[PDB]
Amino acid sequence: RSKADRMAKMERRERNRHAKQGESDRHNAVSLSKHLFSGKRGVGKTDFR
Amino acid sequence: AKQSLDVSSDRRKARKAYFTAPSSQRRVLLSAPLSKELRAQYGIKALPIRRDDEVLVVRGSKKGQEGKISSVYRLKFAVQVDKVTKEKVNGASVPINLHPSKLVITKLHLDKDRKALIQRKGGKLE
Amino acid sequence: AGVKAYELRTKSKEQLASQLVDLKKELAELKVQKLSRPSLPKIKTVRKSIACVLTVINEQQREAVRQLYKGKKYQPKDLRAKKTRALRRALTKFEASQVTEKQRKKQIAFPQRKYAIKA
Amino acid sequence: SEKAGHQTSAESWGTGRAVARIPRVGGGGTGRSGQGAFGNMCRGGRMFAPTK
Amino acid sequence: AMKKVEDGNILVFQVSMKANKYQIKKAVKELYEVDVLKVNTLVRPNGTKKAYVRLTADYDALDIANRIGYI
Amino acid sequence: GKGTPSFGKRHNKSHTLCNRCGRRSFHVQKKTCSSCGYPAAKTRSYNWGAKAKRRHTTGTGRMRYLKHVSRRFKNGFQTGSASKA
Amino acid sequence: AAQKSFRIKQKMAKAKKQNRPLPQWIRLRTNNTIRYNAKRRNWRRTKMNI
RNA sequence: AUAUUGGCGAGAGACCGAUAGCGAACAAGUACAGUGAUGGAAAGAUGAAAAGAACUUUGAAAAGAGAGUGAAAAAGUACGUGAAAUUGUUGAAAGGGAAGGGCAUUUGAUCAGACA
RNA sequence: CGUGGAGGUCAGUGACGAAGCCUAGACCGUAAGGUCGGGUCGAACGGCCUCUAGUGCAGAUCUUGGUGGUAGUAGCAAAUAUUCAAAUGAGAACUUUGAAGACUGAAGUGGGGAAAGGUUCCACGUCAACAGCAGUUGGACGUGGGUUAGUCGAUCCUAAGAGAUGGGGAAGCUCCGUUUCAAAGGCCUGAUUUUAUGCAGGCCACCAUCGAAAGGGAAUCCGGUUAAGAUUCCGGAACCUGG
RNA sequence: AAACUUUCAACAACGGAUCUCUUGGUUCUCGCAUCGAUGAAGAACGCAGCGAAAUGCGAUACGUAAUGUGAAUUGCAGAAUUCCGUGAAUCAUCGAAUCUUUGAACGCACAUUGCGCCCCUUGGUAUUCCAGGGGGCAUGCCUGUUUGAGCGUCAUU
């Protein structure tokens with residue numbers, strides 16, 4: 001069991017460095033979001049406040 | 001060399017056929033040769049290893065030690081000879097896995113089906 | 001262990017029925033002991049023994065019906081050959097080998113003669 | 001392969017101050033979305049002059 | 001569940017999904033030779049069916065629990 | 001008013017579980033399934049969707065029947081049993 | 001929604017029984033490449049979409 | 001006779017060798033996003049064998065320090081080789097509103113060749 | 001001159017250390033570059049004569065991955081507010097109990113529900129990660145426990161509307177249409193004594209089905225009880241439909 | 001003079017390039033013809049002594065019967081006859097069976113685990129009411145049977 005319980009701690013490390021709050025946090029970061037960078041904003045109605 | 005069309009000479013085929021072979025085909029691969037005592041006796045070079053045979057290691061650090069097989073561990077392509085172990089630091093004992101091509105059989109454990117196998121491959125047995 | 005295949009085939013229909021109910025009384029009891037004990041490996045063997053009885057009882061009832069319809073046309077659909085769909089919907093060996101009466105006079109008259117060119 | 005590299009549905013975004021002109025993978029949420037494709041320089045893109 | 005054996009005179013079983021209140025009432029009356037006053041059933045959240053089986057007043061649930069074994 | 005305050009109003013499901021493909025693509029008011037074409041007789045597929053086919057062709061499932069046909073052919077669709085030689 | 005259909009409920013029961021970590025003894029097998037339950041779900045993080 | 005980027009069983013390559021090669025060498029059309037049509041990744045390598053570090057001693061513990069297994073822990077489940085950006089410590093050196101470069105020599109440090 | 005593979009050749013080098021990497025140590029070539037020593041590491045790699053190409057990068061607002069300066073800085077300031085002892089603990093501005101101080105003030109920071117979420121509900125253990133400070137605590141993590149119905153709902157009916165069949169269009173996937181140019185289908189008693197229902201013979205013309213957990217609608221209330229459940233279990237007392 | 005800034009080496013970091021690997025891909029050749037109303041392809045839920053997934057399978061549920069080989073399986077347990085043999089195994093082969101709820105989907109119906117009718121049979125003082133068990137009830141078309149329909153029409157009484 002202590003052989004098996006230490007293998008839970010060995011396999012947990014990679015998710016802790018990425019600050020995953022579980023073994024079930026698989027929220028994926030989009031590399032480049034479309035609304036941030038694709039636009040040209042001139043006189044008129046604009047894309048935000 | 002190769003003179004047939006069904007046989008393969010490809011490296012990627014031969015490893016994959018080895019690593020995913022089922023247990024009945026692992027039996028023929030885990031075979032051990034007989035000693036020059038028994039080769040003169042029965043008249044047969046090699047046999048598949050069995051659980052209850054007696055054997056002598058001939059290559060490795062454990063050369064010169066002999067003992068009965070405990071169990072043929074086909075899933076690791078290995079054999080665990082009894083009385084050949086490493087004791088751990090805490091007194092516990094761990095068997096050492098051996099490959100049976102480096103073994104030499106000195107005594108055979110004969111069943112009915114092993115006799116007919118010796119008859120099949122040309123043996124004299126008695 | 002458990003029950004054997006060939007031993008149950010010699011038994012009768014009344015005994016293969018009473019074999020099975022006594023097995024299911026055991027499998028009821030071993031599911032009770034499964035919660036008290038942590039691990040109970042015996043319950044595998046009594047489970048396959050119930051399946052070995054049901055194969056033999058099904059077989060003796062099916063080989064009865066085959067000899068019931070033996071030598072009589074229109075046996076039921078699960079008892080026929082399974083072969084495949086497109087081969088059951090096809091011409092039989094008699095019907096494809098049928099040939100009209102005009103050809104049959106011709107093949108008698110002029111078969112492919114066997115010859116050779118050497119001399 | 002004749003279709004290797006073209007199993008993507010990218011489209012270019014336009015001309016901004018802070019981004020290039022390569023067609024990018026549409027949609028969002030996987031991490032492949034927003035990466036370059038269909039170019040010889042892109043990761044996961046086809047090569048130049050596919051050998052026939 | 002063992003609280004419900006003593007006070008309410010109620011046995012608790014896990015039952016196959018396809019059964020209804022008529023078939024459970026017939027099966028318990030067959031296996032155990034015990035009359036049933038009323039059966040109440042629920043589906044568990046893990047996907048199996050529970051069944052609260054209240055016996056009659058003539059029959060005691062403590063004595064049947066020794067024969068099957070659980071207590 | 002069109003951005004984040006109107007996203008609070010989204011709580012009526014358009015689509016539900018389909019009976020055929022299990023896909024959650026069954027439009028309720030249309031009473032049809034957008035992914036697998038149900039209740040029409042044929043499975044919805046198109047040649048413009050190349051990746052649409054590879055998710056649902058044969059081989060991706062269990063193949064309860066087709067995994068035995070190549071074996072039953074190789075023997076030759078035989079009956080009876082083995083003779084215990 | 002506490003007035004649920006059975007088909008909705010039966011998919012909750014399957015998601016409930018998959019909500020577990022990996023067993024400890026599978027760490028000990030031969031040629032174990034499997035480390036963590038990489039399909040682990042949570043009600044807070046990801047909605048399971050019916 | 002002829003057609004075949006599908007199915008099934010075979011044999012081969014002056015092809016690619018983990019950002020390459022199919023999207024997928026691994027629980028891959030998986031995880032994940034969208035109401036939906038559809039979109040759609042990342043992720044191979046301890047060693048011959050786990051022999052995966054008993055015990056001792058500090059600390060609440062994680063861990064450290066010794067011991068110890070092994071040919072090697074400069075292979076310790078962050079595991080073969082571990083480059084550069086970037087950072088730490090020691091040592092040398094310079095520095096009045098940038099630094100670095102070119103030609104020539106001093107100064108300090110440093111270094112092979114060579115007479116028999 | 002250099003790199004990846006190919007045919008030759010040196011019976012080329014190699015676990016006594018092959019490639020790779022580091023090296024203000026040495027030499028050669030004007031240069032692309034080549035050779036040697038030292039340190040690291042552990043298993044294959046060169047010279048020459050030719051052959052072949054997915055063959056040389058600093059730039060493309062290049063592509064994927066990685067790391068900095070800025071910087072221990074901007075910031076962590078709406079919703080009036082916290083304080084003292086004790087226990088628990090290696091540890092307390094933040095956890096638990098008691099004593100104080102306040103606030104939401106019945107169109108509430110209260111008591112339940114519909115969509116929606118799916119075990120968050122409760123207990124036992126317990127803190128590497130998350131809770132932008134902290135943590136002994138949690139909607140976290142680990143293991144288990146927990147939803148009981150003749151009367152509450154669904155199920156039944158129809159609304160706006162969806163939609164088969166008879167048919168007619170359409171090359172065709174399928175579109176029209178809902179009582180339409182259709183031969184569209186059931187129920188009652190008998191006369192019963194082979195027992196099954198012949199038949200006495202009538203009446204009816206309405207002609208799928210889906211559509212409301214807020215409309216229409218057969219019938220239940222109090223008191224107890226659990227770590228978590230109730231108009232559902234227990235005790236007591238009533239009503240309804242089919243028989 | 002330190003500190004600080006910058007350059008360089010040593011050792012240590014951050015990071016995963018290089019070299020060496022390989023159960024995968026790619027391309028060419030060679031042979032072969034075999035899905036389904038006897039219920040397929042797909043889908044949902046279930047099953048292991050200890051499994052979440054892949055893989056396997058269907059209430060006979062990581063399988064059963066048949067055949068071959070002839071002693072394992074393995075992470076722990078367990079069982080010891082199952083070891084000179086009608087016999088181990090996650091073996092191989094495969095000709096006999098099972099095959100939940102679905103799906104062309106087939107009694108009507110579906111956002112309902114909704115609702116009928118028929119036959120045989122068992123239990124409730126039961127041809128009618130309720131329940132349990134087994135087998136049934138789609139449409140288009142063909143050949144044939146059986147009962148019919150129409151001054152469409154022929155003899156006849």
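Cut-offs applied
- For every chain, the first residue of the written sequence is numbered 1, i.e. counting runs from 1 onward, and this need not coincide with the entry's numbering; residues without coordinates are not included.
- Chain A is the first chain written and ligand 1 is the first ligand written, with later ones labelled in order.
- A larger assembly contains the chains shown, and all values are computed for the shown part only.
- Where side-chain values are given, they derive from all heavy atoms of the structure, hydrogens and water being excluded.
- Residues with missing side-chain atoms are left out of burial classes, side-chain pairs and their counts.
- Residues form patches when they are more than 30% accessible in relative terms and have no salt bridge. Like charges link within 9 Å. Nonpolar side chains (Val, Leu, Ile, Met, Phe, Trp, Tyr) link within 5 Å.
- For the area figures, the Shrake-Rupley method with a 1.4 Å probe applies, and any residue is considered shielded solely by the protein chains shown.
- Salt bridge, as used here: a side-chain nitrogen of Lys or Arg that lies within 4 Å of a carboxyl oxygen of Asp or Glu.
- Secondary structure elements are taken from DSSP: a helix is a run of H or I of four residues or more, a strand is a run of E of two residues or more, and numbering for both begins at the N terminus.
- Burial here depends on accessible area, computed with a 1.4 Å probe over protein chains only, as a share of the maximum for the residue type. Under 20% is buried, over 50% is exposed, and the range in between is partly exposed.
- Remark: nonpolar core denotes a set of buried residues (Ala, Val, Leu, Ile, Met, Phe, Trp, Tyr, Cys) joined through side-chain atoms within 4.5 Å.
- Two residues form a contact once any of their heavy atoms are found within 4.5 Å.
- A quick way to say it: buried area is the sum, across both parts, of accessible area lost when two parts are put together, with a 1.4 Å probe.
- Throughout this description, a polar contact denotes any pair of N or O atoms lying within 3.5 Å of each other; where both atoms belong to protein, one of them has to be capable of donating a hydrogen while the other can accept it, and for residues adjacent in sequence the pair is counted only when both atoms sit in side chains.
- All amino acids are sorted into three groups, where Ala, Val, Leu, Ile, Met, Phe, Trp, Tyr, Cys and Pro are nonpolar, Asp, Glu, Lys and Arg are charged, and the leftover types, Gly among them, are polar.
- Strand pairing follows a simple DSSP-based rule, namely that at least 2 bridges must link the two strands.
- Fitting a line to C-alpha atoms yields each axis, with helices limited to the stretch in contact; the angle taken between N-to-C directions then spans 0 to 180 degrees.

Novice: Now, about a nonpolar patch on the surface: what can you tell me, with residues and values included?
Specialist: Residue and element names in this part refer to chain C. A cluster of nonpolar side chains, contributed by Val65, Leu68 and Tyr69, occupies part of the molecular surface with about 250 Å² of accessible area. Assignment of secondary structure puts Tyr69 in the loop between α3 (43-68) and α4 (85-88). Residue classification places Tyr69 among the partly exposed positions, given a relative accessible area of 32%.

Novice: Residues and numbers for the nonpolar core, please.
Specialist: Within the largest apolar cluster, 20 residues are counted, with the highest numbers of intra-cluster contacts made by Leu34(B), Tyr42(B), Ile105(B) and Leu108(B). Mapped onto this core, the elements with two or more residues apiece are α3 (36-42), β3 (54-57), β5 (78-81), β8 (103-107) and α4 (112-120) of chain B. Each residue touching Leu108(B), except ones within four places of it in the same chain, is listed here: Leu34(B), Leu38(B), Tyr42(B), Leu47(B), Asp53(B), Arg114(B) and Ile118(B). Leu11(E), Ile24(E), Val39(E) and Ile64(E) belong to the second largest nonpolar core, which has 17 residues in total.

Novice: So what's going on with the interface of chain A and chain D? Which residues, and what values?
Specialist: Each side of the interface is counted separately: chain A has 11 residues, and chain D has 13 residues. The junction of chain A with chain D conceals about 860 Å² of combined surface from both sides, 59% of it contributed by carbon and sulfur atoms. Connecting chain A to chain D are 0 salt bridges. Inspection of the chain A/chain D interface yields 2 residue pairs in polar contact. Class assignment of the residues belonging to the side of chain A that touches chain D gives a composition of 4 nonpolar, 5 polar and 2 charged.

Novice: How would you summarise the sheet that holds strand β1 (residues 10-15) of chain E if you had to cite specific residues and measurements?
Specialist: Residues and elements named next belong to chain E. Spatial ordering of the open sheet is given by β1-β3-β2, a layout of 3 strands whose pairing is antiparallel. Here the strands that pair on one side only, and so sit at the sheet edges, are β1 and β2 (36-43). The mean angle between the axes of side-by-side strands here comes to 20°, regardless of whether they run parallel or antiparallel. Summarising the sheet, β2 and strand β3 (residues 49-55) pair through 7 bridges and their orientation is antiparallel. Bridge pairing in β3 links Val36 to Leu55.

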